[PDB]
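**Q** Protein chains in written order, with UniProt numbering: chain X, 153 to 197; chain A, 75 to 282; chain W, 51 to 64, 69 to 99; chain R, 334 to 394. Ideal placement from N, C-alpha and C gives every residue a C-beta, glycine not left out. Take a look at this one; I'll ask things after.
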Amino acid sequence: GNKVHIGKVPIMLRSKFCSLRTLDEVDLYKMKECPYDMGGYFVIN
Amino acid sequence: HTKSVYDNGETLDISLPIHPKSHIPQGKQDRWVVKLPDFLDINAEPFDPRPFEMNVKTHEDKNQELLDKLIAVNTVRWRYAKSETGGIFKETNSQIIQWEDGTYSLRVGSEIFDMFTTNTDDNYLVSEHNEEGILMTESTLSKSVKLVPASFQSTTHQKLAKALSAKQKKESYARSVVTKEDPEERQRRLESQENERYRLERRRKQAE
Amino acid sequence: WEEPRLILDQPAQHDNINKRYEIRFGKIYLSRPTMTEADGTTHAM
Amino acid sequence: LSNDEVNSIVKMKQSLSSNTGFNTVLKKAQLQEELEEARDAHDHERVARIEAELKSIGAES
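What follows is the structure in structure tokens.
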């Protein structure tokens, strides 16, 4: 009995579990993300 | 006229052992029931400085440690005081103060907690005699008393506020982890093994 | 943790052997979003 | 080329890879994820090393 995988939860952008919460201003451009984007939405398909 | 149900007259010759009292109330058998707050504690045991110093506990949780420190410093205690004449006397760190308005306050050290009294009727105190299964009354609980901190600036109130404010700040249950492989790999490999042993078992059963 | 226990019991007589099979749910572990390609490699997304 | 051969060549060039902005950003993100994992495990020794590595890698312009 250990970490069994039960599913995948979609992540809201710019939230605490998003990859863009870090990365500062400069790296946000290298990832082709607009710094004016505010997050708050999911990406499904 | 509700006639008395019991008329058999049967009587029990039970004799109860009673012990002399160290003190006797004067003028009125009245007592005040007081609810014990969380920030105030009673230590009926005589104060033993060495076990107390040797049993102080240190915890990582700052809120719990602060609460324990506050309750320990505010705990009502007592100890034996050697009189200058060579005798032994009971010495306590707690006193009751009555102000000019007639209100009462419980004092531990420099801390003062006000008392709020509400009159209660048909409330009495009894002594339990379990070995005989009967209850012997003791006195009447006329007033219910609540203990309240005197003011905001009191150190007890500030410590309680700090503890309760920082207690609800810490809230993080899910623990992060890093995935190195496909989370579905275990299921598919175990399904493959299960199907393999299904085929082997079916062959064995057909050959059995 | 709302329903932290799944319980199965069995009074085996087939010698009364009451066996209870119970499984409990523990911690939740979350991770950063990850992409698993068809070939098998997984990488941050 | 096959998929496995492509992965092998990519790993070989990554070993040869001195620096690349996209790859540096990916490495920094992976380091941040590892750091939060260490933080949630209350490992005060690993987190110091990860913080030092992040400080060394960072300071962009």
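1. Step through the CB atoms of chain W and report whether any lies within less than 8 Å of the CB of A:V252.
2. Please name the residue, chosen from A:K220, A:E206, A:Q138 and A:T132, that lies closest to A:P91 on a Cα-to-Cα basis.
3. Measuring only from the beta carbon, is W:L58 closer than 7 Å to any heavy atom that is part of the ligand SAM?
4. Indicate whether A:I171 and A:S184 have their beta-carbon atoms separated by less than 8 Å.
5. For a cutoff of 8 Å on Cβ pairs, would you count W:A62 as touching chain R?
6. Residues in the same chain with beta-carbon distance under 8 Å from X:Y193, minus the five sequence neighbours each way, listed in chain order, please.
7. Would you kindly report the start and end of the unbroken beta strand (DSSP E) that includes W:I57?
8. Taking all protein chains shown into account, do 16 or more other C-beta atoms lie within 10 angstroms of the C-beta of A:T230, making it buried, or fewer, making it exposed?
9. Cβ atoms of A:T166 and A:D115: under 8 Å apart, would you say?
10. Taking the alpha carbon of A:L215 as the reference point, which residue from A:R105, A:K243, A:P99 and A:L238 has its own alpha carbon closest?
11. Applying a beta-carbon distance threshold of less than 8 Å, which residues of chain X neighbour R:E386?
12. At the 8 Å Cβ level, is R:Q347 part of the contact set with chain X, yes or no?
13. List, in order along the chain, the chain X residues whose C-beta lies closer than 9 Å to that of A:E258?
14. Out of A:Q103, A:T253, A:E268 and A:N269, state which residue places its alpha-carbon closest to the alpha-carbon of X:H157.
15. Are the C-beta atoms of W:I82 and some chain A residue less than 8 Å apart?
16. Express the C-alpha separation of A:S218 and A:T191 in angstroms, rounding to a whole number.
17. Contact between the stretch 344-356 of chain R and the stretch 259-276 of chain A is defined here as three or more beta-carbon pairs at a separation below 8 Å; is this criterion met?
18. Residue range of the beta strand (DSSP E) that A:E205 falls in?
19. Taking only the alpha-carbon atoms, compute the straight-line gap between A:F113 and A:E202 and give it to the nearest angstrom.
20. Closest to A:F187 by C-alpha separation, out of A:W173, A:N137 and A:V200, would be which residue?
21. Tell me, please, which residues DSSP counts as bridged to W:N72.
**A** Let's see:
1. yes
2. A:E206
3. This structure does not include the ligand SAM; it has no bound ligands of any sort.
4. no
5. no
6. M164 and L165
7. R55 to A62
8. buried
9. no
10. A:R105
11. Chain X residues near R:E386: none, gap ~14 Å exceeds 8 Å.
12. no
13. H157
14. A:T253
15. yes
16. 6 Å
17. no
18. Counting along the chain, A:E205 falls outside any beta strand (DSSP E), and DSSP gives it neither H nor E.
19. 29 Å
20. A:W173
21. W:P61
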